[PDB]
Amino acid sequence: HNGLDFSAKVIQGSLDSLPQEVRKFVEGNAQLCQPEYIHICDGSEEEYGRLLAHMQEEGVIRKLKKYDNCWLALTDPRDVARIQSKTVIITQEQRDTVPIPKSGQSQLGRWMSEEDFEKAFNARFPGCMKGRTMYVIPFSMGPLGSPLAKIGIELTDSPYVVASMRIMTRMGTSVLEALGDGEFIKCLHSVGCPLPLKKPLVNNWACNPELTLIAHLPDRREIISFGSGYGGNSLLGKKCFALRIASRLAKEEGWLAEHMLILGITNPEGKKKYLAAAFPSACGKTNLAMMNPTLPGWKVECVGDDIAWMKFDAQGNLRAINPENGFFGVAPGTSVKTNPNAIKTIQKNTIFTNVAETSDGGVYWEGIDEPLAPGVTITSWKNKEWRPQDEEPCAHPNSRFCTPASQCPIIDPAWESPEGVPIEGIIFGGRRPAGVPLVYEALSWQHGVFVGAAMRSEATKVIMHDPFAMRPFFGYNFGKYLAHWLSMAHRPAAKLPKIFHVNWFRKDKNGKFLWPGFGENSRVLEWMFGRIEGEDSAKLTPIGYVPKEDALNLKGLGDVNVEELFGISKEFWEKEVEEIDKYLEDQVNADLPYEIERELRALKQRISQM
Ligand SMILES: Nc1nc2c(ncn2[C@@H]2O[C@H](COP(=O)(O)OP(=O)(O)O)[C@@H](O)[C@H]2O)c(=O)[nH]1
Ligand SMILES: [Mn+2]
Ligand SMILES: [Mn+2]
Ligand code: NA
């Protein structure tokens with residue numbers, strides 16, 4: 001007849017231009033999802049501007065008239081976040097995806113059988129793009145033609161995803177030319193609202209919360225996401241690819257894909273080093289990644305604020321790239337005070353989601369610390385006039401900026417270097433109101449892997465385990481991931497970074513933070529820097545090395561309560577090790593490596609002799 005040829009529906013580009021396997025992915029899914037048109041994205045400025053104005057004319061976004069090319073999306077309140085409960089990974093065997101927990105409920109991932117997924121898929125995708133354009137987004141995670149970069153193709157029915165993916169990845173025609181006949185991750189996305197609409201459209205924001213499902217199929221190199229337009233559910237390069245699929249790839253291939261910022265720190269003498277840090281969301285990665293140091297002569301430069309791909313090179317340096325092309329940061333809390341470098345970044349060419357709008361076309365959120373002129377009013381993220389009298393924030397707590405990384409005033413000159421940046425330190429941390437000192441240093445690589453494994457952080461009151469800040473993101477069995485980290489010591493050449501753990505959030509008996517934080521965290525970074533150099537600035541404790549007395553620069557800082565801030569209590573740490581023991585036994589068990597169990601035994605013994 002005319003085959004399975006969708007050429008007649010192509011409104012930009014050509015199916016004949018596509019590499020063979022890309023064409024097959026596009027056409028097969030056009031046959032399944034029945035889009036009205038196919039738009040192959042070129043990544044051009046013209047494409048982007050027109051798509052924005054189109055969304056503008058449909059009421060999907062508003063233009064923010066105060067700024068150079070900035071935009072505002074307000075969502076359906078049912079679709080406001082990446083949703084872990086609807087997030088699953090498919091493998092033949094459950095144990096390959098998560099360890100089998102002794103308690104029967106795993107905190108370390110959600111598995112679904114191939115059978116169950118096929119039924120779920122068939123219930124969702126057939127005809128799901130009826131009446132819509134299927135956009136084909138060819139994208140690079142990493143600098144174009146970096147040896148560490150990986151290519152994806154995302155099919156989506158959301159122009160919001162297209163625009164946001166232009167920022168957060170490298171996308172367009174240059175990627176298709178770079179890809180050629182190579183392998184790529186297949187990323188399928190639908191908002192799940194075929195036309196004609198069966199359910200009312202809320203806030204011009206297409207979604208299907210009842211059928212929302214974010215699936216990963218590592219053995220097929222597929223990510224298939226249905227029903228949410230938001231964040232990590234729809235922007236498939238970010239979590240789905242650059243952590244969940246990429247952690248699996250990394251394990252197979254001998255590298256690491258982690259939930260880590262990469263920042264550069266320069267002393268007053270001009271001396272430079274790169275550091276990576278894994279904190280859970282809402283524990284300050286973006287802030288640290290673009291920190292404005294208070295300590296004079298110190299400089300911080302940003303490589304990435306969220307994801308790090310790391311591979312030992314043939315010299316044994318741990319090379320890291322940021323696979324992202326932008327920051328997708330939580331907007332609330334961002335002020336000139338807390339994060340001035342973010343604020344300079346987001347003044348132009350930025351897409352805001354679920355933040356408030358001022359009457360003069362500006363953006364507003366909790367913690368912005370920017371007084372408004374009398375007469376200037378605020379429209380909340382729910383499209384209502386808002387005042388601080390109300391018992392609701394003007395912006396959703398998970399609201400966002402999505403901004404190009406290149407616009408960061410302190411973007412590192414090597415942030416796109418195809419070889420990556422050499423990592424000399426790896427920092428773990430989160431929110432611990434009690435017990436855990438400002439900073440310590442792991443005693444060995446094995447100890448450091450244990451420190452990552454043991455991470456706990458206040459929920460954003462409950463304290464939960466979040467190993468390596470990867471709890472939401474492991475692409476495979478966490479015990480095996482532990483073994484993969486430990487295996488890095490068994491290769492000759494590898495120059496293993498020093499591992500540290502931090503805590504900004506230690507609080508006193510009256511619930512006041514014992515440490516100021518923010519730009520004062522440069523004093524902790526200072527202590528860390530010297531240690532990589534070999535400075536004799538450390539005191540041994542049961543948990544690791546801490547700063548020696550007077551080793552931290554507290555100058556310009558008045559009287560910080562250092563005794564409480566560095567206190568290490570036998571009673572706290574004996575409870576700590578017991579809790580950790582029971583967690584690893586329950587959640588990891590048969591897959592817990594011998595070396596991590598040994599480190600737990602060693603820590604317990606050192607605490608017992610306090
Ligand atoms: N008290 C305190 N709060 C902080 C510090 N760093 C970040 N925060 C707060 O933690 C919240 C999350 O910051 P953010 O950079 O979004 O964390 P991310 O989600 O991990 O990238 C914001 O409300 C920040 O103001 C700190 O050093 N001390
Ligand atoms: Mn962030
Ligand atoms: Mn993150
Ligand atoms: Na809207």
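One-based numbering, in listed order, for ligands and for the atoms of each. Quick note: residue numbers are just sequence positions, from 1.
Here 3 is the count of protein N, O or S atoms positioned under 2.8 Å from the Mn ion (ligand 3), waters not counted.
Between atom CG of residue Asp305 and atom CD of residue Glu324 there is a gap of 6.5 Å, rounded to the nearest 0.5 Å. Separating the OG1 atom in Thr97 from the OH atom in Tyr476 is a distance of 11.5 Å, to the nearest 0.5 Å. The structure places CD1 of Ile410 at 6.5 Å from NZ of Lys299, a figure rounded to the nearest 0.5 Å.
Close placement of the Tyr440 and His501 rings is indicated, their centers lying within 6.0 Å of each other. Two rings, from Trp298 and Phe529, have their centers less than 6.0 Å apart.
Judged purely by atom type and a 3.5 angstrom limit, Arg62 has no side-chain atom pairing as donor or acceptor with the backbone of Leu72.
Side-chain contact, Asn233 with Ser225: no donor N or O sits under 3.5 Å from an acceptor N or O. Using modelled atom types, one finds a donor on one side chain and an acceptor on the other under 3.5 Å when comparing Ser190 with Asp157. The closest side-chain donor-acceptor pair between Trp381 and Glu392, if any, does not fall under 3.5 angstrom.
Under the rule for a side-chain contact (heavy atoms from CB on, under 4.5 Å), the partners of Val98 that lie at least two apart in sequence or sit in another chain are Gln94, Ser106.
For the Na ion (ligand 4), the nearby protein N/O/S atoms, meaning those under 3.0 Å, are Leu74 O, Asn203 O.
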Contacts table for ligand 1: protein N or O within a distance under 3.5 Å of ligand N or O, distances only.
from: ligand 1; atom 1: 10 (O); to: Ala282; atom 2: O; distance (Å): 3.4
from: ligand 1; atom 1: 10 (O); to: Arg431; atom 2: NH2; distance (Å): 2.7
from: ligand 1; atom 1: 15 (O); to: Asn287; atom 2: N; distance (Å): 3.4
from: ligand 1; atom 1: 17 (O); to: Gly284; atom 2: N; distance (Å): 2.9
from: ligand 1; atom 1: 19 (O); to: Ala282; atom 2: N; distance (Å): 2.7
from: ligand 1; atom 1: 20 (O); to: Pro280; atom 2: O; distance (Å): 3.1
from: ligand 1; atom 1: 20 (O); to: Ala282; atom 2: N; distance (Å): 3.2
from: ligand 1; atom 1: 20 (O); to: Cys283; atom 2: N; distance (Å): 3.2
from: ligand 1; atom 1: 20 (O); to: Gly284; atom 2: N; distance (Å): 3.2
from: ligand 1; atom 1: 20 (O); to: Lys285; atom 2: N; distance (Å): 3.3
from: ligand 1; atom 1: 20 (O); to: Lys285; atom 2: NZ; distance (Å): 3.2
from: ligand 1; atom 1: 21 (O); to: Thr286; atom 2: N; distance (Å): 3.4
from: ligand 1; atom 1: 21 (O); to: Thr286; atom 2: OG1; distance (Å): 3.4
from: ligand 1; atom 1: 27 (O); to: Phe518; atom 2: N; distance (Å): 3.0
from: ligand 1; atom 1: 27 (O); to: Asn521; atom 2: ND2; distance (Å): 3.1

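Between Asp390 and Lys384 there is no salt bridge, since no side-chain N of the basic residue sits under 4.0 Å from a carboxylate O of the acidic one.
At least one cation-pi condition fails for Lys251 and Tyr481: the charged atom is not both under 6.0 angstrom from the six-membered ring centre and inside a 45 degree cone around its axis.
The minimum heavy-atom distance between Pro143 and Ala149, with the atom names listed, is O-CB, 3.4 Å.
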